[PDB]
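Chain by chain, the residues run as shown.
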Amino acid sequence: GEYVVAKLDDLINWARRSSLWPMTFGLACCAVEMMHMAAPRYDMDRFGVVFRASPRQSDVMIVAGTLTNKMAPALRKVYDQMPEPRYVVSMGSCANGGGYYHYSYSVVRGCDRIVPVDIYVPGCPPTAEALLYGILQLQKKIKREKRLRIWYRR
Amino acid sequence: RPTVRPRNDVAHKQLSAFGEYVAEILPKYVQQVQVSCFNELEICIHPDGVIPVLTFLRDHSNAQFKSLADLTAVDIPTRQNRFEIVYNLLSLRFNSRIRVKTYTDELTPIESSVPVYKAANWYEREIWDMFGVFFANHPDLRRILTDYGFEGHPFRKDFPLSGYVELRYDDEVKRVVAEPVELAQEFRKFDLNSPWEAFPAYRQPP
Amino acid sequence: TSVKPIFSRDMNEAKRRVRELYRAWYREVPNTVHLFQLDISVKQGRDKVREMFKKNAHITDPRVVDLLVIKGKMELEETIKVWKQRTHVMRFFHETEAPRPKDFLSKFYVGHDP
Amino acid sequence: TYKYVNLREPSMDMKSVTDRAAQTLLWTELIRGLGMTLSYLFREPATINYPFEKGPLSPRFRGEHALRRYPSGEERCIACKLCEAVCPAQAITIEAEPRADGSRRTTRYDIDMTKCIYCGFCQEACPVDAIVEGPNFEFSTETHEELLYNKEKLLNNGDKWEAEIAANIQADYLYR
Amino acid sequence: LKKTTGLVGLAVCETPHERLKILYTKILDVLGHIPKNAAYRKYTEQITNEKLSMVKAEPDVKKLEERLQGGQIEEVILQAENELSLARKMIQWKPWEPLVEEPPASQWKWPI
Amino acid sequence: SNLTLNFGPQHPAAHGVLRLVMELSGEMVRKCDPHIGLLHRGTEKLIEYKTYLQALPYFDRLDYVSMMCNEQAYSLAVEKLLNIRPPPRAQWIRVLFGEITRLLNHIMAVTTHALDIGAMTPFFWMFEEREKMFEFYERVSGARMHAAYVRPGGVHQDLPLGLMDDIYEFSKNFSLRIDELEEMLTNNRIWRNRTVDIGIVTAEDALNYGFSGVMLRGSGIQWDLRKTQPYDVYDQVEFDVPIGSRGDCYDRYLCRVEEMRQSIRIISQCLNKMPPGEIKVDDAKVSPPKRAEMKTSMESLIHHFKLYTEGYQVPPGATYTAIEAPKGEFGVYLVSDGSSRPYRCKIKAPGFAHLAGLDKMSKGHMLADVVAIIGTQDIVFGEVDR
Amino acid sequence: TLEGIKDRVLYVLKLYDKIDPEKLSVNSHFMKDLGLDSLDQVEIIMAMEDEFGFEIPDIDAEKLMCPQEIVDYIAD
Ligand code: SF4
Ligand code: SF4
Ligand code: SF4
């Protein structure tokens, strides 16, 4: 029982982190470096992170750019339509905490006011390599999960 | 001199002569004509002259300002007519630019220039949205940049930089909500102006 | 005091445009509640409409009334055309904002604001 | 000077007509495109084996911030607040007072890394090379709060990365 | 004859000289209804008469174009059409009249 | 009926989110209503609380594919109000990196234009080239994108030794890369079926709707601000302006591909004609002195201190300054009140007028032709929304 | 059916909550007597519009300040 649950989490954690299908909100600048992560030099697809997905087939949402008050409701709705398990990666200063528009009347001061965030990737923009480091950091975070061990001990 | 921007005397004479030309032809509306030291010609007109002046500059054979490069507004609260409406036009035929300026206040409508330049359609929506200046006879005047339901005109000098409300998602009502703005760190106002005059050539009289 | 008008040339002309706006807003509330699936009642929505018109009752400047009507019509269009999302329509009700103390003693206890 | 990108008149002699008919019926211009993607399949890809391989950077790279020291170990920063003044994002917050030895030093030095635009203006404004953007770019965190650096974090970044920061400065200070 | 003006939506003209003569004559006719002292009439009449004289003397379309310095002859025809439209509008506007109103004292002062 | 085009494609794309409210009858588009503002961040109001140096990085983040070109426009506007002149080597560097930036933009414009239509392979081939040009940005500035390199007065730093040879190496092979792109698209009957006679705009309508750049030149209008109203050293380089004949998406696509070839032609001249000397105006009341001077000279330290706190004061006045940005005419109406912070800064984004013409250009087209038409205008909502 | 007009008109006003029926007499003035407000009258005119299936422009709607006037307008 205890042994099986440990190896079973190992399996599903391996599957979910080895097949991370992202939905990217290309909101602004940071989406350019996001495209460079899909470009041949880094080739995010080689890690199992597919190129195109669809909101309803996605595992991770990458908020790549500034989130304005006008866009906030639409971003929350996409997050609400994602099937679980779902993760959010906050990419760049704007999505992290408002960044260079932090004091603007029309900017959400961090996307973590709208959705829960798993990883914060600093930079303006973070380099494509910095984003890839954050994506591989999220895989390690998933590798640490213990859904069945916790469930079995309820 | 290597560090000093050179002067162009021929364009200053040319733009001055054309400025008198426009003043002589449109005396009903033209209030002032001036050319800057970097050779930009500005026509200051009564707001009633927006359509006649812009039509003349677009269609007249010696003007041919076919392209509306930009249309914006400047807020100067100390003026009775706080809003300055600025038209920047381009003439491809004569390889020249002209700036036409007028004015209005919070309650006085300006005539839509969409009939002269279709380009003006969105510019006027942006001026309405961001300064609250109404344009009469506009096909579809509504906000263009701000959020739906946004109150106030953010580019006015007396609108606070961070606004009055801010957004967050609230779990109790399961939607994004708007609340009065609170800042964990207030924006730090800086007084940067030196107490010594920099440019005597612009000194105002005592 | 001779000024260019917006639409109305006097307050009686302006009051007419105000009443048409109220009719349009009054009739749209039942549809608004349904299309956006609001959880307020139609009576609640109409009470808010009355509240918003009420707090501008003191105006005696026809130009200011025209702008108030102009702004009110734009808001109606955003609602009629479903440009507003559910969040936008519900911002008139401030459901998540706790009541603000109004009397002297209540404000004295909480802080320094008057 | 100008040129026409699409002002060619097709030749209507039967030979040229038949050439265009063969292209339509036999898809020759579509076959040609298949050759180009085929030629790429047999090319060496441009992918690098991250994290075992890394993208090339230069000494000027603007990465994570750090506070620097003199060789004696004394802090370079003298609380002049020029970096705080120039910061385009108002991301720096500084407080200072006389140190117990009378030295002009900071008591607070914070950089909100979620406000910062990583523009490097602070390290240009600094008169003593105290604040720099280091070469580290792999410092993403799991919480927002971990990106609000205080003076202890920034001093530790300086002690952590000084070996490389000093070399990068040595390689670029003659361009500054 | 050309094959194209080079400008999308602008068609070649088979009879440019005759079309120009009509348009400049129509402009001068419309300019007759503007007060004699209006600067618009005096200036518009002067440039129109200069262009019309050039059209009279030069029969070759290419050679006429270098004289007018107005681009393709179809562009020159289009401009004459706009001038004719403008002249009609100026009759309603009457911009030759005295300034409608002075601006407030410091309307055009900068810096404040 | 009534539709709403999605915010963005399912594949990763960097140009912003659009809310396009569409009227259709059958397959035909009856009306397009672009609802923008989803990336409006109040840049122009923020600039009013910044000194002239502090506002420069805001311009990298407008058309955030043409970073240094946006910087150059702002720098030219400020240099014009200051009445100073950047040094000749800085001007050559600014034209050199202006054309490198034009390559960056046109690769993004053309390959994402194909990627949205479904031709996705050229995107991957050409962003390996963009990756190498990001390395040029990072080597002069330390940043791959938002360099803040071009500044009023010149450029921040001088080219590192060995950079020009590497730029030559890249430029040597680039024309072949354009050739491979054309092999996939230029004569492809499917690509032509998606682009030819799509979004036709007449020369007169283009001017009155406020278009610029390729949107004008695709309709045969012979206008390029680098030729007619040259800035920096553009009057010392030789290049041809591509002109279209049919005013449609296909002619504008060819113009962008030819403009890429001319950019390589211009870059070749900048590499060969780069002169020696200083990189920022030798005028320590505008451009900060060298760090070695700041640490030895009393005057230099004072000027360093004041330039990095108060900033330099700009004489009162207003200018409209525009350049031939990769996306069309990019201008700034900059108002100075005599202090060290701008009083007003209106940004003229070429895509603002272009997206206002989408309704016109899409009349009587299919729902999928709207995809191609927003593609051919090359819209970045960072510059449209500010 | 004129006499029915009175019933429908007077019936609709009964359903309106702001008018206490003890004071609802066919000749009662909405403002002076019943103490309604201008916008309350607009709500009544809209209520009559649904009952009788036709519109009432503001020009005529502002002249109907008691039930009898409504009856006169509808029949005419
Ligand atoms: S974090 Fe920087 S690069 Fe990313 S969207 Fe914001 S300003 Fe642009
Ligand atoms: S890099 Fe720029 S934004 Fe970041 S702390 Fe330094 S000056 Fe401020
Ligand atoms: S880091 Fe440098 S610029 Fe900032 S306060 Fe310290 S000494 Fe001054």
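Rules of the game
Residues numbered from 1 in each chain as written, not as in the entry; some residues may be left out. Chains lettered and ligands numbered in written order. Part of a larger assembly, values for the part shown. Heavy atoms only, no water. Helix = DSSP H or I, 4+ residues; strand = E, 2+ residues; numbered from the N terminus. Rg over C-alpha atoms; globule rule 2.2 N^0.38 Å. Buried < 20%, exposed > 50% of the residue type's maximum accessible area, 1.4 Å probe, protein only. Areas by Shrake-Rupley, 256 points an atom, 1.4 Å probe, with all protein chains shown as cover. Contact = heavy atoms within 4.5 Å. Buried area = accessible area lost by both parts, 1.4 Å probe. Salt bridge = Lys/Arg side-chain N within 4 Å of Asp/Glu carboxyl O. Polar contact = N/O pair within 3.5 Å; in protein donor to acceptor, adjacent residues only side chain to side chain. Nonpolar A, V, L, I, M, F, W, Y, C, P; charged D, E, K, R; others polar. Pairing = 2+ DSSP bridges. Near = heavy atom within 4 Å. Expected span 1.5 Å × (residues − 1). Axes fitted to C-alpha atoms, helices over the stretch in contact; angles between N-to-C directions. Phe/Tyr/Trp six-rings, centres within 6.5 Å; stacked < 30°, edge-to-face > 60°.

Determination of this PDB entry was carried out by cryo-EM to a resolution of 2.5 Å, according to the record.

**Description of the overall build of chain G**
Across its full length, chain G carries four helices and zero strands. The order of helices and strands in chain G, counted from the N terminus, is α-α-α-α. Over its C-alpha trace chain G gives a radius of gyration of 11 Å, about what one expects of a compact globule, namely 11 Å for 76 residues. For chain G, the spread of C-alpha atoms along the principal axes amounts to about 25 × 25 × 20 Å. Taking all 76 residues of chain G together, the buried fraction comes to 46%. When the accessible surface of chain G is totalled, it reaches about 4,300 Å², and 52% of it is carbon and sulfur.

**What to know about the interface of chain B and chain F**
Listed as interface residues are 61 residues of chain B and, on the opposing side, 58 residues of chain F. Here chain B meets chain F over a buried area of about 5,100 Å², counting both sides, of which 56% is carbon and sulfur. Scanning the region where chain B abuts chain F turns up five salt bridges. In this structure, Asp33(F) and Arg142(B) form a salt bridge, with 2.9 Å as the shortest nitrogen-oxygen distance. The interface formed by chain B and chain F includes 28 residue pairs in polar contact. Those elements that place two or more of their residues in the side of chain B that touches chain F are β3 (67–75), β4 (83–91), β5 (96–104) and α3 (120–131) of chain B. The dominant element in the side of chain B that touches chain F, judged by the number of residues it contributes, is β3(B), at nine residues. Its residues placed into classes, the side of chain B that touches chain F shows 35 nonpolar, nine polar and 17 charged.

**With respect to the pairing of strand β8 (residues 165–170) of chain B**
Residues and elements named next belong to chain B. Sheet analysis places β8 next to strand β9 (residues 175–180), joined by six bridges and oriented antiparallel. Residue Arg168 lies in a different strand from β9, and its bridge partner there is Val177. The antiparallel hairpin formed by β8 and β9 contains four residues in its connecting segment, where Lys174 sits at a positive phi of about 55 degrees.

**Remarks on the site of ligand 1**
In the vicinity of ligand 1, the contacting residues are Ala28(A), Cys29(A), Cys30(A), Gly65(A), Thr66(A), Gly92(A), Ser93(A), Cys94(A), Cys124(A), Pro125(A), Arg61(F) and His146(F). Its residues assigned to classes, the shell around ligand 1 shows six nonpolar, five polar and one charged.

**Let's talk about the interface of chain B and chain E**
Facing the 36 residues of chain B at the interface are 35 residues of chain E. For the pair chain B and chain E, the two sides together bury roughly 2,900 Å², of which 58% comes from carbon and sulfur. Linking chain B to chain E there are three salt bridges. A salt bridge links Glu75(E) to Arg93(B), with the nearest nitrogen and oxygen atoms 3.1 Å apart. Summed over the shared surface of chain B and chain E, the number is 20 residue pairs in polar contact. Taken together, the elements giving at least two residues each to the side of chain B that touches chain E come down to α1 (9–25), β1 (30–35), β2 (41–45), α2 (50–59) and β5 of chain B. Broken down by element, the residue count for the side of chain B that touches chain E peaks at six residues, all from α2(B). Of the residues that constitute the side of chain B that touches chain E, the class distribution is 13 nonpolar, 13 polar and ten charged.

**Section: the side chain of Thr68(A)**
Locating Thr68(A) in the fold gives a position in the loop between β2 (60–64) and α3 (72–81). Judged by relative accessible area, which is 1%, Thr68(A) ranks as buried. From its side chain, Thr68(A) meets the backbone oxygen of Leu38(F) in a polar contact 3.0 Å long. Those residues in contact with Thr68(A), other than ones at most four positions away along the chain, are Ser106(A), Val107(A), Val108(A), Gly37(F), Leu38(F), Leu39(F), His40(F) and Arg41(F).

**Things to note about the site of ligand 2**
Every residue close to ligand 2 is listed here: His65(D), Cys87(D), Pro88(D), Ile92(D), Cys116(D), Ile117(D), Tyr118(D), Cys119(D), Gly120(D), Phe121(D), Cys122(D) and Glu133(D). Of the residues in the shell around ligand 2, the class split is nine nonpolar, two polar and one charged.

**Let's talk about helix α3 (residues 67–82) of chain F**
Residues and elements named next belong to chain F. Across its 16 residues, α3 extends 23 Å between first and last C-alpha, which sits within 8% of the 22 Å expected from 1.5 Å per residue. The element α3 is extensively covered by neighbouring structure, given that 16 of its 16 residues are classed as buried. Residue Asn83 follows α3 closely and has a positive phi angle near 65 degrees.

**Here's the deal with the sheet that holds strand β2 (residues 19–25) of chain F**
All names here are of chain F. Strands sit in the order β1-β2-β3 across an open sheet of three strands; the sheet is antiparallel. This sheet does not close on itself; its edge strands, each paired only once, are β1 (2–5) and β3 (28–35). Adjacent strand axes in the sheet meet at a mean angle of 25 degrees, parallel and antiparallel pairs treated alike. The pairing of β2 with β3 spans seven bridges and is classified as antiparallel. Directly across from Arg19, in β3, lies its bridge partner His35.

**Points about the pattern of salt bridges**
For the structure on display, the rule yields 102 salt bridges over all chains. Salt-bridge contacts for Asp50(G) lead to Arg27(C); the nearest nitrogen and oxygen are separated by 3.5 Å. Within this pair, whereas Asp50(G) is found in helix α2 (residues 38–52), its partner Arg27(C) is found in helix α1 (residues 11–35), the two belonging to separate chains. Using a relative accessible area of 53% as the deciding quantity, one classes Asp50(G) as exposed. Here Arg291(F) makes a salt bridge to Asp129(D), at a shortest N to O gap of 2.4 Å. Of this pair, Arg291(F) sits in helix α12 (residues 291–294) while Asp129(D) sits in the loop between α4 (121–125) and β5 (131–133), each in a different chain. No difference in accessibility class separates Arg291(F) from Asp129(D), as the two residues are buried.

**A look at the packing of aromatic side chains**
In this description, a pair of aromatic rings is defined by centroid distance and the angle of the planes. All names here are of chain F. A complete count under the given rule lists 45 aromatic pairs over all chains for this structure. Taking the centre distance of 5.3 Å and the plane angle of 70 degrees together, the rings of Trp191 and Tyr253 count as edge-to-face. Linking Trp191 in helix α7 (residues 189–195) with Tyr253 in helix α11 (residues 249–273), this pair joins segments that are 62 residues apart in sequence. For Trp191, a relative accessible area of 3% translates into the label buried.

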